[PDB]
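Inspection log for the structure reproduced underneath, given as structure tokens.
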Amino acid sequence: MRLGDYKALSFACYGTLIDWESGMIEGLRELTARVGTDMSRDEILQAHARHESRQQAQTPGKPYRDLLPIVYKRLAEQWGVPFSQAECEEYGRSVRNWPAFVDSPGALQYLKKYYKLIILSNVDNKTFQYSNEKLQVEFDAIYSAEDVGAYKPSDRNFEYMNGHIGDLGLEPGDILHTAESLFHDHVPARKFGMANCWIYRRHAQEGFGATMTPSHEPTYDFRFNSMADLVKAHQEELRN
Ligand code: NA
């Protein structure tokens with residue numbers, strides 16, 4: 001069972017290629033400073049994961065940049081600190097500052113040589129253009145939550161990808177779904193019978209950070225601690 005068996009990789013973006021945990025810690029810094037209970041990073045991320053995934057279910061058609069402001073409000077109210085709508089809206093704009101993992105641009109450019117690259121992302125298209133600039137690769141397709149009308153882990157996102165990859169000359173069995181989030185990506189990927197590759201960005205950390213804690217952890221065909229390690233295993237495959 002080999003990385004080279006696939007014509008395409010489908011990538012989650014935020015948490016896999018973009019360091020959204022660092023990004024949102026920064027975007028929430030003013031808000032969490034108001035709380036002054038000195039919350040740990042992961043408590044902030046997990047609190048965000050809860051309000052984000054629930055609001056994504058509540059208003060699946062809402063652009064991510066308009067959804068995160070509601071998450072900010074919910075966090076502020078849960079934590080019991082004051083806030084303004086203007087801060088909420090600004091937090092939804094902060095995605096465009098969320099930094100790439102440093103191995104992402106180089107890894108994606110390497111992978112581009114060997115695979116069509118597909119994005120399957122919990123994001124709106126306007127926001128994602130900024131992330132794509134940070135990533136410095138051309139994607140063969142970008143299937144976003146805005147396109148879909150729903151957020152991962154909804155079935156609709158994978159259905160929407162499967163219904164469009166024919167335009168790229170692909171079938172679902174050609175695609176290795178590559179992602180960090182067990183909850184958003186690997187549970188549904190397995191439900192759709194996709195081969196999957198877990199980029200275990202949190203290998204040296206505890207718990208699931210900005211993704212919901214899955215009750216039934218999914219299997220995965222490949223696992224690597226980083227995009228760099230995915231590339232390393234690929235180069236090794238070609239050596240053999
Ligand atoms: Na994403």
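So you can find residues: chains in the structure tokens are A, B, ... in the order shown, residues in each start at 1, and ligands are numbered from 1 in order.
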Neighbourhood of ligand 1 at 8 Å, counting only C-alpha atoms and all ligand atoms, reported as JSON, numbers by chain = {"A": [11, 12, 13, 14, 15, 16, 119, 120, 121, 122, 123]}
Show me, as a PDB file with C-alpha atoms, in the first residue's frame, the residues that have an atom within 9 Å of stretch 58-68 of chain A when counting only C-alpha atoms, minus same-chain residues fewer than 6 positions from it.
ATOM      1  CA  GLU A  52     -17.084  26.520  15.654  1.00  0.00           C
ATOM      2  CA  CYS A  88     -16.158  39.737  16.063  1.00  0.00           C
ATOM      3  CA  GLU A  89     -16.044  40.831  12.460  1.00  0.00           C
ATOM      4  CA  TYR A  91     -11.681  38.087  14.138  1.00  0.00           C
ATOM      5  CA  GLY A  92     -13.403  36.613  11.074  1.00  0.00           C
ATOM      6  CA  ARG A  93     -11.038  38.642   8.897  1.00  0.00           C
ATOM      7  CA  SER A  94      -7.993  37.387  10.776  1.00  0.00           C
ATOM      8  CA  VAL A  95      -7.940  34.074   8.865  1.00  0.00           C
ATOM      9  CA  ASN A 122     -13.800  24.665   5.790  1.00  0.00           C
ATOM     10  CA  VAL A 123     -13.489  28.225   4.485  1.00  0.00           C
ATOM     11  CA  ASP A 124     -14.958  30.795   2.133  1.00  0.00           C
ATOM     12  CA  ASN A 125     -13.396  31.489  -1.241  1.00  0.00           C
ATOM     13  CA  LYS A 126     -12.480  35.138  -0.553  1.00  0.00           C
ATOM     14  CA  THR A 127     -10.669  34.161   2.627  1.00  0.00           C
ATOM     15  CA  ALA A 145     -17.410  25.076   2.369  1.00  0.00           C
ATOM     16  CA  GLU A 146     -18.815  28.065   0.487  1.00  0.00           C
ATOM     17  CA  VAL A 148     -20.586  23.133  -0.895  1.00  0.00           C
ATOM     18  CA  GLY A 149     -23.063  24.954   1.249  1.00  0.00           C
ATOM     19  CA  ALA A 150     -21.867  22.988   4.267  1.00  0.00           C
ATOM     20  CA  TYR A 151     -18.807  22.381   6.433  1.00  0.00           C
TER      21      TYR A 151
END
Given only C-alpha atoms as the counted atoms, nearest of A:104, A:53, A:205, A:240 to residue A:132 =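 Once distances to residue A:132 are computed over only C-alpha atoms, the minimum belongs to A:104.
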Quick one: distance from atom CA of residue A:162 to atom CA of residue A:226 in Å, one decimal?
->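 Between these atoms lies a distance of 26.2 Å.
A straight line drawn from atom CA of residue A:71 to atom CA of residue A:47 is 9.6 Å long.
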Using only C-alpha atoms, determine which residues lie at most 12 Å from residue A:238, disregarding the query and same-chain residues fewer than 2 positions distant; provide the list as an NGL selection string.
-> :A and (2-5 or 114 or 231-236 or 240)
Near-residue A:215 list (12 Å; only C-alpha atoms; drop same-chain fewer than 6 positions) as a ChimeraX atom specification = /A:182-183,187,208
As number ranges by chain, please: all residues of stretch 18-229 of chain A that backbone DSSP puts in alpha helix (DSSP H).
-> A: 20-27, 29-35, 41-58, 64-79, 85-93, 103-112, 125-135, 145-148, 155-164, 187-191, 227-229
